[PDB]
Each structure stands twice: as structure tokens, then as C-alpha cells.
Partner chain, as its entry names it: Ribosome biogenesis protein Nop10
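Below you'll find only one chain, the form deposited without the partner chain, shown as C-alpha cells.
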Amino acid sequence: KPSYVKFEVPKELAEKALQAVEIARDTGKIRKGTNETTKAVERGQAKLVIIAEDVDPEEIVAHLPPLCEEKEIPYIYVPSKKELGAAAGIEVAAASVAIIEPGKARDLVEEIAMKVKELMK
């Protein structure tokens, strides 16, 4: 486990976020890679943000949790950049992803957003 995990995770919650990224992909609005993830926040209203637990250097995503406390935005880690990339519809690894519109996945974002907001306290 890296230095920037602000909370620990079972096999669940991070796998439910992985299949949330799939369902938003064509049915809603998704943005790809850590720069587009960072833009998604600063343009004022992301819906959620996803990060890979296996990043090296780890310091390159360390600006996302702080930025997510300034913007009141909820976030969650998933087991690898290579399975995050696959979920996002691409074949290169992705250190992070952002949700602009959940599509079909509105109520799937809502039930995990609520649980993120408690395991963060």
C-alpha cells in the first residue's frame, strides 16, 4: 500500500467504482488521465474522481485528495492503473479518471458517494 491512501478498502467499494466507470463510459460523460481528471475538478463540478492505488511516482496524484477537500468532491482508490485504463475504454494504463455525468449510473454513484462521506470521517 502506498503513502497517500487516506482510507483502506476491502475487495468491495473499489470494485463497485470500477463497474461504475464502465457504465458512465457510453451512457454518461467520462474524462481520461490525470490531467483531464484535474481539469474536471477545477472547472467547478465533477461528480466523483477515481485513482489507481499502484502509482509510481505516488506524488503525481497527491494533489487530488487536498483539491477534493477544497471543491467538496468525493473520491476513491481502485487496485491498478492498468484495470482503470480498461474500465475507461482504453488500452494504456490510467493513473486517474473523472465522472462528469454518471449516465445510467446516477443512483450507483449516489449509494457509494454516501459511504465515501462516512469512511472519510
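Numbering follows the first chain given and starts at 1.
The same protein also exists as the form deposited with the partner chain bound; that form is not shown, yet it is the one meant from here on.
The partner chain is not drawn, but in the deposited bound form it has a heavy atom within 4.5 Å of residue 67. By the criterion of a heavy atom within 4.5 Å, residue 62 is counted among the residues contacting the partner chain in the deposited bound form. None of the heavy atoms of residue 115 is located within 4.5 Å of the partner chain in the deposited bound form. At the 4.5 Å threshold, heavy atoms of residue 57 reach the partner chain in the deposited bound form. Taken together, the three residues 29, 80 and 83 lack any non-hydrogen atom within 4.5 angstroms of the partner chain in the deposited bound form. For the partner-free chain shown, 3, 4, 6 of 1-26 come within 4.5 angstroms of the partner chain in the deposited bound form, judged by any non-hydrogen atom.
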